[PDB]
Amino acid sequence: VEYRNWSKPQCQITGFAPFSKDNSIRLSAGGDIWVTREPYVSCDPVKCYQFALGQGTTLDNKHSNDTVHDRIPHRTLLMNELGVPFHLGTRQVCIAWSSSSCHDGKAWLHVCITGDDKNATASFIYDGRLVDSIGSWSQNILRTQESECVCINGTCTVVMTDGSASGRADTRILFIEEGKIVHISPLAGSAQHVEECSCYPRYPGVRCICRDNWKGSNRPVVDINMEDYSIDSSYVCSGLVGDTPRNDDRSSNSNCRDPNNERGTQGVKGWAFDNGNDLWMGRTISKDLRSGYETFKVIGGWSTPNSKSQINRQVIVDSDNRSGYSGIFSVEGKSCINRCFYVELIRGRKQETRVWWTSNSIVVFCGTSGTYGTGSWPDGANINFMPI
């Protein structure tokens, strides 16, 4: 077996088609399913897997109480073949309250982060063994992507950040070969806050669309040159804008260079990808809450500042239903490399108070160059039937 180099043109896509759904919450009311959050999907050269950060407990378990908290020592990274829900036979790959995994064509790489907030540690697990580790450099919650990393020719990139959640932070891009950190580049360019990057290969580089939790409702971009380790960053040009909270398609802007300062605080992990001068993107339908989910193409959303000409829209989750994080994953086809995405459907505590736990399910779509129809695919569980 040889290393993945992802050197195939990006497939032309018409939109996205239904791919997978796990119905975990619906199943949690009549079975032993893990309580999770921050899921993602990634594929090796033969098949795809679904990942998620568990909460060290099943749902119909008193231990599910107050699982709104994000960082506890019992969080582990779960990994199952795409489509099989997180039941008791699931493998906990490592201890992690924040993670990222990707396959280089020869073996899996998992970057798992646990520990105290002020002194977390990230373990780099490659081919089943712990190969390296690094400690917090800013003493303030070392965190990573919450989606897949990408490898070209045997070198994998993962962006990480340590520092303020709503203030200046220290973001770096590590390069790792066979689990070993061979280089670290600090962030450069004009992005002001970078978190939860959704990266994809763009031979010979890697491009990431991230979360600005400080000053922007528009999304930062991070360009990584695999050849010399040089970084560059900006914000997506699209005047449509993909963070939540955000302004209003009417009063939202982006100049491609700086955080727009329009309801900048907070956000949600999301994605987007360029296609010539256009941009394919996805976001919650609601501008205030993590509700509904839609995707569309923005004519010129990549190259022209504040472009708002939308086309090819699709509703993935109707606006009366809950959504959450979303990220991207790439899959190698016979002649081109395709782009797909998953969307986390959060249920429970925070918005829903009948129960005491917080967990999620997922639904995933893959681009298509063919035809498609219409629909809506939400979680599906009736909160009134749920335990707790």
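We number the residues from 1 along the sequence you see.
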| property | result |
| --- | --- |
| Entry-level comparison of average CA B-factors, 324-332 and 347-355, reporting the higher stretch | 347-355 |
| Mean temperature factor over C-alpha atoms, higher-scoring stretch between 233-241 and 97-105 | 233-241 |
| C-alpha B-factor winner, where the candidates are 227, 146, 127, 212 | 227 |
| Residue of maximum C-alpha B factor among 286, 161, 307, 90, per deposited coordinates | 307 |
| Ranked against its chain, the third holding the CA B-factor of residue 296 | lowest |
| Residue 46 CA temperature factor, ranked by third within the chain | highest |
| Cα B factor band for residue 25 (lowest, middle or highest third within the chain) | lowest |
| Among modelled residues of the same chain, the CA temperature factor third for residue 271 | middle |
| Third assignment of residue 263 from its chain's C-alpha B-factors | middle |
